[PDB]
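> this one's structure only:
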Ligand code: HEM
Ligand code: HEM
Ligand SMILES: CNCCN(C)c1cccc(CCc2cc(C)cc(N)n2)c1
Ligand SMILES: CNCCN(C)c1cccc(CCc2cc(C)cc(N)n2)c1
Ligand SMILES: C[C@H](O)[C@H](O)[C@H]1CNc2nc(N)[nH]c(=O)c2N1
Ligand SMILES: C[C@H](O)[C@H](O)[C@H]1CNc2nc(N)[nH]c(=O)c2N1
Ligand SMILES: [Zn+2]
């Protein structure tokens, strides 16, 4: 079966054959679309086909499909599953797997860079302290004094689901949020629950507007431990505006390194519950969502006040006007300190080319339009006008429940 | 089977039960989501009439009444005899308001119940059609105080006798392909603009020439008519701070009036059902003016603002986009023509969603279309999970007549 997508700006039509290789569900049916819904211990039984599938993919990519090296590996894995109920990936397989999980990530606009991913194998790690070490090294390597490099660190895979490695932080670097008795919030409202946990686990909170959270690390199913990332390894960028001198006085800054640490990495049916990954920011992530979401820092009014916009009627577009200047400020700041960042025009245009190249060479590119289109200026980016097919391929990054909700406390 | 939707900005969760009444298909499967794709007999007829009459009679709190049962047999008799049936005025009106109510892609649906319905099923000719349409335009325009309306022409019979309005909207600017290779006027209408000329229209070959109506009655050949200019309300576009802005020579019409869709009610098909409301500002300023394949004026506005257009990262496109949209709202409000900004309209839609969930068990909605094409996440609909499904009565797409019509 062939499926066609059309770009309604360029009339370019592409044909997808890759969806045929799609396994997992979407959440949609013939009678209902769930494309705007945010969130849509394995047996030896189901494990081997999943291993076989992966290994088949792997050996095809290296052009050794049906070789003795291929067959022997299948046999080898088959036996290891029957006698041990699981198996270990070769380094080459782990690297291929991690890159392809990124490549298959349909909500990610930045996938043109997928083949350039630095894979840190942390499968020999045994303790929280060991995790801290790996993570520090990840952060130093990725930051690279401002010239950012994509990386992922992979901790040991799930066994019986009782010895999980987990990073409790949603991101490696993130600002604390504090609920005040008056109901207002100090810092990042999105991190209030996590900050409270850290505090309870013994973290002495400085209680400012931008306190870098501590790492809360769980190894081998044990209770999580607190570590503070060395400040010298956390690159931050004070935000200022190229024309507005008062902007610096808002007191804003942000960190340079976006690093997601709460996702699950599935490769060949194996589950890696601790796999922090990092790249670089698209400007709007900070300047639109982080600064301007009503439930985040929420700086639109204060910025608009200073620009002296007509804030009486929404139809003055004072919110839209302030949003653009804030986003201009974020980009100007990062560029000025030579910390890697990409604007949403540049990023979306690159994704279009990547997507086109993925149709030619791969037969498709699964993409989630709802997430790909930037949260400001949507239709002046080429992705707005691009029809996309969303379906799920493995290897993949998956969601997983927050550890504080599932963890068995030891004491 | 009882689905929930969350607003991630307010934590409000709503439970959807209405989707269970859905009958038509979405185009998605368990394996692939097509949510971003633009375009996915007597025995057929009677269940459709039934489903429709059941909901109609339920809406008037007379489910399982003699009148209900009586009407059901009456329509059954008529289908079994005529191979079709006629809607009572009351059903027709209910039908139309519900097609709008059910339009999952429409952000302006909070007003759905105040639709003025013009019954034009007695129409037999294109001059006839023209007369109905002029009346519609005048009534809906209301000297700038816009009122929603629909005019309904006779239902399809054998597909040989279709009424069609060939225009996509009642009022649209013409578009011409100059020998330069460039495009003068609206590029979206180049092909239809040729068909007008091919059928006899004399273009003023300008930039904002109001297209002529091309009307088809009983499957006959379509005819041209020029709407009385005095009935087409337009808004010169100026900026409340940029005095130079008016020299760009931009204007826009006040009445958005979609004329090419198909209205399906109780199995019956109305291929000519022009309807109209009032603009949300971004349709004009973001899409019409700044789409690359439309008037595409970003670069020239940017020049006039003397913005640093060297790098994409100065966000000069974004900056101009805001100003252009500021101007659109300003000009319409200044001339007292109804318009709504994307903040007000999306906040209204959220309130409507809440009303629909609490009073109907849900509200079908297409996030891809509801989220305005600028400043998406600073409007509340961005953070609102929505379920998309197909309810009837409905507005559907239908093929362009020129590809179909047998002369
Ligand atoms: C290098 C530059 C990168 C850019 C500019 C980028 C951009 C983005 C953006 C803007 C999102 C939307 C998330 C949000 O708005 O909350 C996203 C999602 C995502 N990204 Fe990327 N990313 C980059 C690197 C990476 C890397 C290195 C990985 C994995 C190895 C990755 C995997 C993902 C995944 C799995 C999602 C899905 C999130 C979800 O499902 O909720 N990205 N990306
Ligand atoms: C009164 C103020 C109204 C507003 C502000 C409004 C707004 C909108 C907008 C912005 C869209 C997106 C379409 C696009 O971007 O091209 C839309 C779609 C739509 N509207 Fe409304 N509308 C209004 C009245 C009406 C009325 C009176 C009807 C029918 C009687 C209607 C039926 C529809 C339908 C069927 C669609 C989707 C068409 C499709 O499937 O592509 N609207 N509306
Ligand atoms: C509900 N929010 C999603 C949080 N998650 C799971 C998530 C996943 C991937 C990406 C993001 C946005 C942060 C980010 C991460 C990376 C590696 C790059 C980038 N530009 N942004 C967030
Ligand atoms: C891209 N979609 C095709 C154009 N169609 C079929 C379509 C249908 C309904 C609405 C629109 C947008 C124009 C419009 C119409 C009405 C009544 C109100 C309004 N504010 N805008 C367009
Ligand atoms: C590819 C994508 O489906 C297409 O660009 C859609 C996106 N959302 C839209 N939303 C609205 N309101 N109007 C449109 O024309 C479109 N176009
Ligand atoms: C309800 C809706 O799906 C939700 O708000 C989505 C919309 N699109 C998004 N797009 C990005 N990049 N990030 C997001 O968190 C979201 N959130
Ligand atoms: Zn879908």
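Happy to help now that I have it. Numbering: from 1, shown residues only, chains lettered A, B, ... in the order given. Ligands and ions are numbered 1, 2, ... in the order given.

> give me the number of residues near the nearest residue to residue A:46 once chain neighbours are set aside?
Spatial nearest neighbour of residue A:46, excluding adjacent residues (C-beta to C-beta, 6 or more residues apart in numbering or on different chains): residue A:269 at 7.2 Å. In this view, the C-beta of every residue, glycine as well, is placed from N, C-alpha and C. Neighbour count of residue A:269, defined by other C-beta atoms under 10 Å in any protein chain shown: 20.

> ok, residue A:269 - contacts?
Listed by C-beta atoms under 8 Å, 6 or more residues apart in numbering or on different chains, the contact set of residue A:269 reads A:42, A:46, A:47, A:50, A:51, A:54.

> Would you mind giving these as JSON lines with secondary structure added?
Output for the contacts of residue A:269, formatted as JSON lines (DSSP: H, G, I helix; E, B strand; the rest coil):
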{"residue": "A:42", "secondary structure": "coil"}
{"residue": "A:46", "secondary structure": "helix"}
{"residue": "A:47", "secondary structure": "helix"}
{"residue": "A:50", "secondary structure": "helix"}
{"residue": "A:51", "secondary structure": "helix"}
{"residue": "A:54", "secondary structure": "helix"}
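
> Restricted to buried residues, select those residues in ChimeraX.
Typed into ChimeraX, the line below selects the buried ones among the contacts of residue A:269, using 16 or more other C-beta atoms under 10 Å in any protein chain shown:
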select /A:47,50,51,54
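
> which of the contacts of residue A:269 lies closest to residue A:301?
Distance to residue A:301, by C-beta to C-beta, is smallest for residue A:42 among those, at 49.9 Å.

> That closest one touches residue A:271, doesn't it?
Yes - the pair residue A:42 / residue A:271 is scored as a contact, 7.3 Å apart, by C-beta atoms under 8 Å.

> per the record, what domains does chain A have?
What curated CATH domains lists as the domains of chain A is A:16-123+A:150-160+A:264-278+A:348-372, A:124-149+A:164-235+A:399-403, A:236-258+A:281-346.

> highest average neighbour count across the ones you listed?
domain A:236-258+A:281-346 (a mean of 20; mean count of other C-beta atoms under 10 Å in any protein chain shown).

> quick one: contacts for the residue in the stretch 51-200 of chain A positioned nearest to ligand 2?
Closest to ligand 2 within the stretch 51-200 of chain A is residue A:109: 22.7 Å, counting by C-beta to the nearest ligand atom. Going by C-beta under 8 Å, 6+ apart, residue A:109 touches A:282, A:347, A:348, A:351, A:371, A:372, A:374, A:383.

> can you give me phi and psi for the last one?
For residue A:383, the backbone dihedrals are phi -70, psi -30 (criterion: degrees, to the nearest 10).

> wait, doesn't residue A:27 sit right on residue A:40?
Yes - Residue A:27 lies in contact with residue A:40 (C-beta under 8 Å); the separation is 3.5 Å.

> Mutual contacts of those two, please.
Common neighbours of residue A:27 and residue A:40 (C-beta under 8 Å, 6+ apart) are residue A:34.

> For residue A:323, which residues are in contact?
A:287, A:288, A:292, A:300, A:376, B:375, B:378 are the contacts of residue A:323 under C-beta under 8 Å, 6+ apart.

> Arrange those in CSV, one row each, with secondary structure as further columns.
Below are the contacts of residue A:323 laid out as CSV (three-state DSSP):
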residue, secondary structure
A:287, helix
A:288, helix
A:292, helix
A:300, helix
A:376, coil
B:375, coil
B:378, helix
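
> Show me what from the stretch 251-400 of chain A comes close to ligand 4.
On the criterion C-beta under 6 Å from any ligand atom, ligand 4 has no neighbours in the stretch 251-400 of chain A.

> need the residues of the stretch 251-400 of chain A near ligand 5, please.
Counting by C-beta under 6 Å from any ligand atom, the stretch 251-400 of chain A sits next to ligand 5 at A:384, A:385, A:386, A:387.

> Kindly recompute the last result at 5 Å.
Counting by C-beta under 5 Å from any ligand atom, the stretch 251-400 of chain A comes close to ligand 5 at A:385, A:387.

> Looking at the stretch 251-400 of chain A, which residue is nearest ligand 7?
Closest contact between the stretch 251-400 of chain A and ligand 7, by C-beta to the ion, is at residue A:390 (7.2 Å).
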